[PDB]
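Visitor: Here's a sequence, model it:
(6 chains, ligands or ions: 3)
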Amino acid sequence: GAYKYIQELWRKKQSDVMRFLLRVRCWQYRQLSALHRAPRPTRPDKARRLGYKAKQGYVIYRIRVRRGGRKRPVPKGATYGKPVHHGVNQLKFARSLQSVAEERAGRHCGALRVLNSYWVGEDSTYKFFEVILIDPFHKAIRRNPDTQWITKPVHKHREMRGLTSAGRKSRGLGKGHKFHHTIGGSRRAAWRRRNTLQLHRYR
Amino acid sequence: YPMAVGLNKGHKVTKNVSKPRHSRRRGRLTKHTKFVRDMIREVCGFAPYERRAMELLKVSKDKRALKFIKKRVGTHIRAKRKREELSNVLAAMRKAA
Amino acid sequence: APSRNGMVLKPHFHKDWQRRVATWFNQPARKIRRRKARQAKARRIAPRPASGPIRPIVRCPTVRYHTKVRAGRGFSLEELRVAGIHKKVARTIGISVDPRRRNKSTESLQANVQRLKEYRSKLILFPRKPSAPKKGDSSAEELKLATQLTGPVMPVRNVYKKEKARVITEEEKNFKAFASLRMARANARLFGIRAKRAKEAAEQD
Amino acid sequence: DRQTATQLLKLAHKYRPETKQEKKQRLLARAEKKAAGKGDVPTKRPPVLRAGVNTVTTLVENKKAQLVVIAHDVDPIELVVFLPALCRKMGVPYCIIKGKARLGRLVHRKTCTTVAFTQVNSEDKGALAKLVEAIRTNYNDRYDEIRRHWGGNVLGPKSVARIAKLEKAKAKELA
RNA sequence: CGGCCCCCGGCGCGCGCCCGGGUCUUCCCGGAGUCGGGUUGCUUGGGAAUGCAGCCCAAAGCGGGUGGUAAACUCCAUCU
RNA sequence: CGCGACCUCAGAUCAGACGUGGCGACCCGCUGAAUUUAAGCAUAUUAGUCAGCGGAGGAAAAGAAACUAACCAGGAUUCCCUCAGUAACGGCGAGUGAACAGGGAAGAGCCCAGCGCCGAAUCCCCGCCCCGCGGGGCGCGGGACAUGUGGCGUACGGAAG
Ligand SMILES: [Mg+2]
Ligand SMILES: [Mg+2]
Ligand SMILES: [Mg+2]
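Guide: Residues are numbered from 1 along each chain as shown, chains lettered A, B, ... in the order given. Ligands and ions are numbered 1, 2, ... in the order given. Provided below are the atomic coordinates:
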C-alpha cells in the first residue's frame, strides 16, 4: 500500500518538495568518505524491487563516483600514432558510471556478493549510488533456497565480469534486430565465430 | 477467385476469435492507480518547465507553448500529450471556480 | 598482379586467420559421443519414447515456405484448452507446451486438436502401484513394443490432395486471366490515390 | 503538545499488540478449551492497534482506521509525507506525535513510524472520541492552511543580530 | 574367464508433508534520473545515426517499445 | 543536572565466519596500438586483434521475447549446414560484411518487488535435552533480527475470493 506512493513520489524529482530532500542529503552524502556503509536503504521501495529483503546478511553501501568522461592516460596528450587516434579529450568509456560504482564496492568487500544498485543523487562532480550486497556465508542466506543461487561459486565477483544489470547494459546484448552484433553469447564470442575459418574434414 | 497479389491477398482461412492475451492490457489506468497519481500531484506539485508552460498556455499562445514542450520533453507525440493535460489543469483551475 | 581474362576476387585473408582455424578431426569422435549420449539416454529413462515429446503441426512463414508443414515447439494453450487437458499436467503426459504461440486461424487450430486427441488415444500410462484412474487393465498387453523412433506421430506427413479430373467448362476457360493479375495489382496501388481524389470532390460542394 | 500525547499514549497503552510470550499461552487457552469444549466462537472481537506504514495506508484509503498517530523523525521523510495529505482526502483523522522511538515502544519494537486505531472497545469509545475533535481541529480542518505554510528561512543569531544592529541605527537615524 | 577387496545410482519397515479441477460472479493487476529527445565520442554491414557512453533536458498511463529513409497524419500488426 | 529510549557512528587480540595469492589452453569485463595493405598517404585496412589490466568455472557466457515477421504466420538461449561473399558499408578505392526464413544437434522451464490477504503465521544465535552413527535437526527454553515488512499463497501463459 505504502510503497506505491514512494515509487510515484520519487518519479517527480523536479517538484519543490522532492528537489529539496534530494539536495539536503546530497550535501550530507558529499561530506562522507568515498565508500561508506549505510545502516539502511535510503529508498526502501527501490531496494526491494531490485532484490533486497530486510533480514540479516543483506547490507547497503553508498559509494561516490566522480562524474565526467575519461581522459586518455598518455603523457602530454601525445599518442604517437595515426591522426584518427589523437583522442585525448573527448573520450567516453563504454561502461557506465553506475557500473564503476558497483565494481569498486565488490572490490573493497571481496567476501560479499553484489546483487545490484540504484541512484540516490548527483551534484556536478559526484554521483551517489547505493550498492546492495549479500553475505554468502550467513545462514539466513545459505538456507532459503530462493537465495542459494548466489552462494554458488560461479557468482564470485559479478561486476568484474559485467553480469549485473548495471554492467550488462553496456554489453549490448538482447534479442532483436538492433542487437545482432552479439548473436552468440557476447561481443567477442560472436567475433570469434564470424571470423573462424570453419574448414571441414571433407571440403 | 483467390489470387496472391492485389487488394484481397492471400490464401483464405477463417479467423479464430479469442479473448486477447493478458500482456496487452498493460498500460490501462486501473482506478486505484489513477487515485495514487492524482492524489500525489497536489502534495508534490508541478515541474519548473510545466509551470512555465502553463503560464504560456493561458496568455501567450499555444503554437509557442508546444514549441517549448517539443524541446524539453522529447518527441512530438509526447509534446501534444503533455500540452493537453496541462490544458486540462488550466481548465480545471479556471473554469472550475 | 591481374592478368588475362579472369575473375576479380576478394579473398578475405587480410586478417590473421591461422590462429582462428577450425579443423574437424574430432567430428567422428563426437558423432559416437552423441550416439552414446542418445543410447544411454534412451535406456536411462523409461519405455517413454525417445526423441522426446509430441510436437505440433506448424506452417512455415515467409512466402517461399508457406506451402509446407513443419514440426513446431509446443501446443499453444488454446489447443490444450479445447482438448481438455491442463497446462501444467500436459508436460508429464509427453506433450510440449509453447504458451507464447498464437492461434488465429481455425483450420490450423482444429488440426492440432485432432492431433492431440489422437495422441491421447494411443497413449498408455502406468500407475505407480496399480490404482489406475482414467486407465484400466494390463498395459495394452505390454504396449506392443518398447520405444519409438524419430517422432511419435510422424511429425511432418506433408500431404497433398487428389483433385482427380474436371471438365473445361464455360466461365472457367474464359475469365480468370492475366488481365485479372494486372488490374488487381494496379488497384492495389491506385487505391489510396483514388480515395484522395474522392475526398477532393467531397469537399467540392 | 505533551498533554495531548500523554492522553493518546494512555489510550494506546491497553491496545498493546501481541508479543511472543503471550502468543504462547493464548494458543494454549484457545486450544486447551478446543480440546475440552470445541467452542464455535469463544471470542467475538480481539481488538488491536495496527502498526506499519504499509498496513496503515491500506486502512486509510479503505476508511477502516479511526485515528492515525504518525511519527516525527522518519529518516527518509518521503516514507510518510503522503499520509497527512492522504488522511485528509479519505476523511480519517491524523495526529503528529513526538518521536518514532516512543510509539515503537508500544509495539515492543524499536521504531514503528505509524499506528492506527481500527477497532476500539465500545465502552472506551468515549475516550477515543473525546480526543478526536481535540485532534482533527489541528490537523484535518487546518489542511487548507498547513499546506501553504513554508518552513525554515531564518538566519543565524550572529547574523540576525547585525541586521537588528543596522535597524536600531535606523531607528536612531529617525529619532 | 574365474575368485578377492573397496566404492556408486536406483525396490521395501519408521520420520516429514498433503484438496486439486471446471463454470459463472465480483475485485485486483506491475519495476524512473529509466524511457525518450538533443549534442558529443567510440563502435557496427546498419547506411538522415546498429550499439554503447558522457553531458544537458527529461516522461506517459487505450501508455510504452519495435515495424531496417528524416518528418507530420492515419490504420494495422506485434511485444510488455 | 541525572536517567531512559532510539537514531547516527566509533573501539576491541570480543564469540564465529569469510576474502587476499597462484594457474590462466578454453570463458567474461575493460583498455588498446603500430608494422602492413592502399604500389606514395592522412579516412579506411591491419583490428576492436597483439601487448596491458581485472574476474572466474570445469565449462563460461547467453537464456524464456519491450523477438522475427507482413502470411495459411512463426515462437528462450547455444552449436552446426546453408543463407552468402549476399543485403549493406567504403578516398564507393583498396577492402570489409551481418541477419531472417529453411535443415539439423540439443531441448526445460521458472521465481520476485509491486497490487491485496492472513493477530510476523518468518528468520538467526545461545543453553539443556528426544536421540543417533560418519552430524545435521522438525521438538523445549532464553537473547536478537524484523512493521522502514520476515513468511505463505500469487507473476501478465493472467491472478485472487
Ligand atoms: Mg543490522
Ligand atoms: Mg570444393
Ligand atoms: Mg576450480
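Visitor: contacting residues around the residue sitting nearest the centre point of chain B?
Guide: Central residue of chain B (Cα atoms, centre = their mean): residue B:81, 4.2 Å from the mean position. By Cβ atoms under 8 Å, 6 or more residues apart in numbering or on different chains, no residues touch residue B:81. Yep, even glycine has a C-beta here, placed from its N, CA and C like the rest.
Visitor: Helix or strand: which one has whichever residue of chain B sits closest to chain C?
Guide: Closest to chain C within chain B is residue B:6: 3.3 Å, counting by Cβ to the nearest Cβ. Using DSSP states H and E, no element contains residue B:6; it sits outside every helix and strand.
Visitor: wait, isn't it in contact with residue C:187?
Guide: Yes: with contacts counted by Cβ atoms under 8 Å, residue B:6 reaches residue C:187, the gap being 6.8 Å.
Visitor: hang on, the earlier thing: before we go further, the residue nearest to the centre of chain B is sitting in a helix, right?
Guide: Yes: judged by DSSP: H, G, I helix; E, B strand; the rest coil, residue B:81 forms part of a helix.
Visitor: Who are the contact partners of the closest residue to residue B:72 other than its chain neighbours?
Guide: Leaving aside its chain neighbours, residue B:72 sits nearest to residue B:49 (5.1 Å; criterion: Cβ to Cβ, 6 or more residues apart in numbering or on different chains). Contact analysis of residue B:49 by Cβ under 8 Å, 6+ apart lists A:14, B:68, B:69, B:72, B:73.
Visitor: Redo those residues as TSV? Include distance to residue D:13.
Guide: Shown next, in TSV, are the contacts of residue B:49 (distance: Cβ to Cβ, whole Å):
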residue	distance to residue D:13
A:14	44
B:68	58
B:69	56
B:72	55
B:73	53
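Visitor: who wins for neighbours among these?
Guide: Taking other Cβ atoms under 10 Å in any protein chain shown to define a neighbour, the member of the contacts of residue B:49 with the most is residue B:69, carrying 23 neighbours.
Visitor: ok, now which ones touch that one?
Guide: Taking Cβ under 8 Å, 6+ apart as the contact definition, residue B:69 lies against B:49, B:53, B:79, B:82, B:83.
Visitor: I'd guess it is in a strand, am I close?
Guide: No: looking at residue B:69 with three-state DSSP, it is helix, so not inside a strand.
Visitor: ok, it to residue A:73 distance?
Guide: Computed as Cβ to Cβ, to the nearest Å, the residue B:69 to residue A:73 distance reads 43 Å.
Visitor: likewise residue B:7?
Guide: 64 Å.
Visitor: Looking at these two, which one has more neighbours?
Guide: residue B:7 (13 against 6).
Visitor: Now do the contacts for the nearest residue in space to that one that is not next to it in sequence.
Guide: Closest residue to residue B:7 apart from its sequence neighbours, by Cβ to Cβ, 6+ apart: residue C:188 at 4.7 Å. For residue C:188, the contact set (Cβ under 8 Å, 6+ apart) comprises B:5, B:6, B:7.
Visitor: Around chain A, which positions in chain D sit nearby?
Guide: Neighbours of chain A within chain D, by Cβ under 8 Å from any Cβ of the partner chain: D:53-58, D:61, D:75-79, D:81-83, D:86.
Visitor: tally of neighbours for residue 57?
Guide: All of this is about chain A. The tally of other residues near residue A:57 (other Cβ under 10 Å) stands at 19.
Visitor: You answered for a different chain; I wanted chain D.
Guide: 23.
Visitor: In the helix or strand hosting it, which residues are buried?
Guide: Using DSSP H and E, residue D:57 sits within helix D:53-61. For helix D:53-61, a neighbour-count test (16 or more other Cβ atoms under 10 Å in any protein chain shown) marks D:53, D:55, D:56, D:57, D:59, D:60, D:61 as buried.
Visitor: show me which of those residues neighbour chain B.
Guide: residue D:61.
Visitor: and which of the buried residues of helix D:53-61 is nearest residue D:167?
Guide: Nearest to residue D:167 among the buried residues of helix D:53-61: residue D:53, at 46.5 Å, using Cβ to Cβ.
Visitor: mind listing what the nearest residue to that closest one once chain neighbours are set aside touches?
Guide: Excluding the flanking residues, the one nearest residue D:53 by Cβ to Cβ, 6+ apart is residue A:2, at 4.4 Å. Applying Cβ under 8 Å, 6+ apart, we find residue A:2 in contact with D:53, D:54, D:56, D:57, D:79, D:83.
Visitor: Which ones among those residues also lie next to RNA strand F?
Guide: D:53, D:54, D:79 (Cβ under 7 Å from any atom of the strand).
Visitor: and chain D, which of its residues are near chain B?
Guide: Applying Cβ under 8 Å from any Cβ, we find that chain D lies next to chain B at D:61, D:81, D:82, D:85, D:86, D:89.
Visitor: Helix or strand next in line after the helix ranked longest in chain C, which one?
Guide: The residue-count maximum for a helix in chain C (DSSP state H) belongs to helix C:27-45. Sequence order places strand C:57-59 as the next helix or strand after helix C:27-45, per DSSP H and E.
Visitor: which other residues reach the longest helix of chain C?
Guide: Residues contacting helix C:27-45 (Cβ under 8 Å, 6+ apart): A:201, C:50, C:147.
Visitor: which of these are buried?
Guide: Buried among the contacts of helix C:27-45 (16+ other Cβ under 10 Å): residue C:50.
Visitor: Could you check how far residue D:82 is from residue C:56?
Guide: 51 Å.
Visitor: thinking again about what came up before, which one of the contacts of residue C:188 sits closest to residue A:186?
Guide: Taking Cβ to Cβ as the measure, residue A:186 sits nearest to residue B:5 out of the contacts of residue C:188, at 43.6 Å.
Visitor: To what extent is the nearest residue to that closest one once chain neighbours are set aside buried, counted in neighbours?
Guide: Residue nearest to residue B:5 in three dimensions, not counting chain neighbours: residue C:185, with 5.0 Å by Cβ to Cβ, 6+ apart. Residue C:185: 15 surrounding residues under other Cβ under 10 Å.
Visitor: and the residue most central in space within chain A, what element?
Guide: Most central in chain A under Cα atoms, centre = their mean is residue A:99, positioned 3.0 Å from the mean C-alpha point. Here residue A:99 sits within helix A:97-103, counting by DSSP H and E.
Visitor: Show me what that helix is packed against.
Guide: strand A:58-66, strand A:113-122, strand A:126-134 (3 or more Cβ pairs under 8 Å, 6 or more residues apart in numbering or on different chains; DSSP states H and E).
Visitor: Contacts for the first one, please.
Guide: Contact with strand A:58-66 is made by A:29-30, A:32-42, A:47, A:52, A:97-98, A:100-101, A:104-105, A:109, A:112, A:120, A:125-135, as judged by Cβ under 8 Å, 6+ apart.
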